[PDB]
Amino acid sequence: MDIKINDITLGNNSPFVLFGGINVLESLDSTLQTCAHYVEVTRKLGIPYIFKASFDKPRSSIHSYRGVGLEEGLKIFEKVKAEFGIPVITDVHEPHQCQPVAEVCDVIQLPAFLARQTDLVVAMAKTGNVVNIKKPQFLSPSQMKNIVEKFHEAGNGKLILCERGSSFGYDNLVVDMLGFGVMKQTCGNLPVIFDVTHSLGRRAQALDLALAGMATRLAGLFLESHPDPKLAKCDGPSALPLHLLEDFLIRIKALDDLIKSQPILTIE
């Protein structure tokens, strides 16, 4: 099943869509600057693109920076849309936020941590917007159908499943490449995308992991990069250096183009 996000076609047998940006909104200028680089690179290479950012980071330490908030975040997203003409994605945290965020933001994201909170799921469903569901590290690929069921019952079937790794002992994640296939098979072939950033604790391996994931035939890649850099723990420890964006994406796109040009081979 494909989903339409404005001009973009999202689906497991379509050219991959980049859901790309930064961990959290810092300011209007930094946002436009970082977004512009993503927009120029994506236009150059011909990759469908949706700008990603959180306006709030609700797990942040008490007196540490957590974002700009809902009011100024939505203002920044409005400007990104007006300036670049692209779709955007952000995450929602309380049921009340859903309708107003859904007015501006084209895709609304269910945090992995809140993935089981029924009122949030219902509230998101009611908006009618495309929804990105982050798969929790503690949930099996087959347990995702229950979240999908819940959304369907609440009357919204435009769902994206986003992989971010699974708990592997203490203080460690592993990405089960077989999980992509299980989610395709058991959730009606909804678009599946890969959050390579949050599957990682360091950036050196980001390309190898991304390429492996995309080799499995996916609707898209979800990725964060540094902005106008805030070094000491501000951008996320696995964020890609922004200047490498082109060199990175050119390889992802070449791989994706190859996989998608070959018909699906059933092994029976």
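From 1 onward, residues are counted along the sequence shown.
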Averaging only over Cα atoms, indicate whether 169-177 or 116-124 has the higher B-factor in the PDB entry. 116-124
Mean Cα B factor from the PDB record: higher for 242-250, or higher for 21-29? 21-29
Given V182, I133, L190, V104, the residue at which the Cα B factor reaches its maximum: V104
Taking the values straight from the PDB record, which of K44, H37, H63, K52 has the highest C-alpha temperature factor? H63
Going by the entry, which third of its chain does the Cα temperature factor of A82 land in? highest
Using the B-factor values recorded in the entry, state whether the Cα atom of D195 falls in the lowest, middle or highest third among the modelled residues of its chain. lowest
Taking the C-alpha B-factors as the PDB entry records them, is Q99 in the lowest, middle or highest third of its chain? highest
Lowest, middle or highest third: where is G236 by Cα B-factor in its chain? highest
Going by what the PDB entry lists, where does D91 fall on CA B-factor within its chain: lowest, middle or highest third? middle
